[PDB]
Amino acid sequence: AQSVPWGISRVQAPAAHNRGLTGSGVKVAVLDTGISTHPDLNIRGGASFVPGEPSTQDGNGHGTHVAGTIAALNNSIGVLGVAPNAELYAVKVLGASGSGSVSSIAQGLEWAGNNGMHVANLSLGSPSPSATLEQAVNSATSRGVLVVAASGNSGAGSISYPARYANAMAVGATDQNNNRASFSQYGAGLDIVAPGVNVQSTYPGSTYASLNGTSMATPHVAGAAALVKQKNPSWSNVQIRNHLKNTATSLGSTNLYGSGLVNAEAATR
């Protein structure tokens, strides 16, 4: 039996799937710890920029978790992603330890822009700005990639890099009450929010696990962007990014929530 995690239904993904929108033909790169082979995922390709782990398989579990929120297959097992037909690429920029260098992250973004990815999911971040990173963000953007990044889990009133950069779409996390989760960073540069508490998804060892973090909120928006792209194949990263914002549900302060909760129902109309 397949269950639909609460955040998937919170963002109204099923409403989009009932219209024929599942992310089919949209390429999404997950820059993280890798993606393990899983029966509820279809991994199309990828690369590792982690010296010492040439493989794209996930030794941490974080990337596999992220990937399942975007694109867990719509079938009779496990869970269901926001864009279950998206073409998934495993871009390994963090090691098993769950950390990596800006150098690896920059290479992964370059890779994405060279391989015609539509959306890049960066569920990672630093409190410190990086010129290398910023340049990579900007270069992927001008190659048509929509970069989506987590605001960070420090709970502070400023957001992480690269989500802080203008060309990154910064995602914070809400709870089941539609409140900002305590750990979700907010402040200037924050674009939108999505479910981030108790998120159930695919996990290595062919299983499922629930995690919390802005890292879990991000993939709901990457997924929502694939739905929109499928519906409006001619739209640019910018067009997609503003439509998501314009159609999000207001939750109170733009300081704490940016544009509001992403809404894939309102967006694919």
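Residue positions are given as counts along the sequence shown, with the first one as 1.
Return whichever of 14-22 and 257-265 has the greater mean Cα B factor according to the PDB record.
According to the PDB entry, the answer is 14-22.
Of 70-78 and 110-118, the stretch whose C-alpha atoms average the higher B-factor in the entry:
Taking the mean B-factor of the alpha carbons in each, 110-118 is higher.
Can you tell me which of 196, 84, 100, 162 has the highest Cα temperature factor in the record?
Among 196, 84, 100, 162, the PDB entry lists the largest C-alpha B-factor for 100.
Would you mind checking where the Cα B-factor of residue 90 ranks among the modelled residues of its chain, as the lowest, middle or highest third?
For residue 90, whose C-alpha B-factor we compare with every modelled residue in the chain, the answer is the lowest third.
How does residue 158 rank on Cα B-factor within its chain, lowest, middle or highest third?
For residue 158, the deposited C-alpha B-factor lands in the highest third.
Would you mind ranking residue 208 by its C-alpha B-factor against the rest of the chain and naming the third, lowest, middle or highest?
Middle third of the chain for residue 208's C-alpha B-factor.
Split the chain's modelled residues into thirds by Cα B-factor; is residue 96 in the lowest, middle or highest one?
According to the entry, residue 96 has a C-alpha B-factor in the chain's highest third.
Of the three thirds of its chain by CA temperature factor, lowest, middle or highest, which one includes residue 236?
Its C-alpha B-factor, which the entry lists for residue 236, ranks in the highest third among residues of this chain.
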